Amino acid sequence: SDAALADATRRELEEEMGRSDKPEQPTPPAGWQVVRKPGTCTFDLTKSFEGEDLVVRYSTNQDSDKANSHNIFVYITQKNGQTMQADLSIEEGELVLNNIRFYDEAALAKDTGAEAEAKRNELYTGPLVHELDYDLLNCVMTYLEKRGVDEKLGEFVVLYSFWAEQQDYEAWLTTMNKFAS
């Protein structure tokens, strides 16, 4: 259809494929296994810890609002199903805790369904974390840090995202070029 759009996308593809400074895929930290949820931009870091199942979830999708936004959702599940969820953002290489809540069953915490989110929306989301004592919140940070949820992992998530966004952008340019053919 549009020769001009095919040319613009072709050149961009050529610019990207020829770069000598594309983001390098980072190496995950010790103990964690990266598992992309099939077909999506969602990834689950996982590992066991003293009988607990740990999951660190994050999307490589970019938010058109806060471009520097790098949110993560960490789930810590006990043998009886009791799960803690901690929401953190990665801001200037540091982890910032934004929410802490609990669920009776692991499945309801990690389910990606719309009806599951609606279930979770009804429950108690926890207190306003930015209004908690330094001692309590700092202990929660250390508790997470000892389990591997630390600044090195935040760095990995950010570097992995830059890398994945680059590959997806290349795929996006290819598809756009196909549409302009």
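The first residue of the shown sequence is 1; numbering continues from there.
Looking at mean Cα B-factors across 114-122 and 66-74, the upper value is held by 66-74. Remark: stretch with higher mean C-alpha B factor among 16-24 and 153-161 is 16-24. Ranked by C-alpha B-factor against the other modelled residues of its chain, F43 falls in the middle third. Sorting the modelled residues of the chain by their CA temperature factor places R36 in the highest third.
In the deposited entry, the Cα temperature factor of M176 sits in the bottom third of values across the chain's modelled residues. Among all modelled residues in its chain, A30 ranks in the highest third by Cα B-factor. Per-chain ranking of the deposited C-alpha B factor places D135 in the lowest third.
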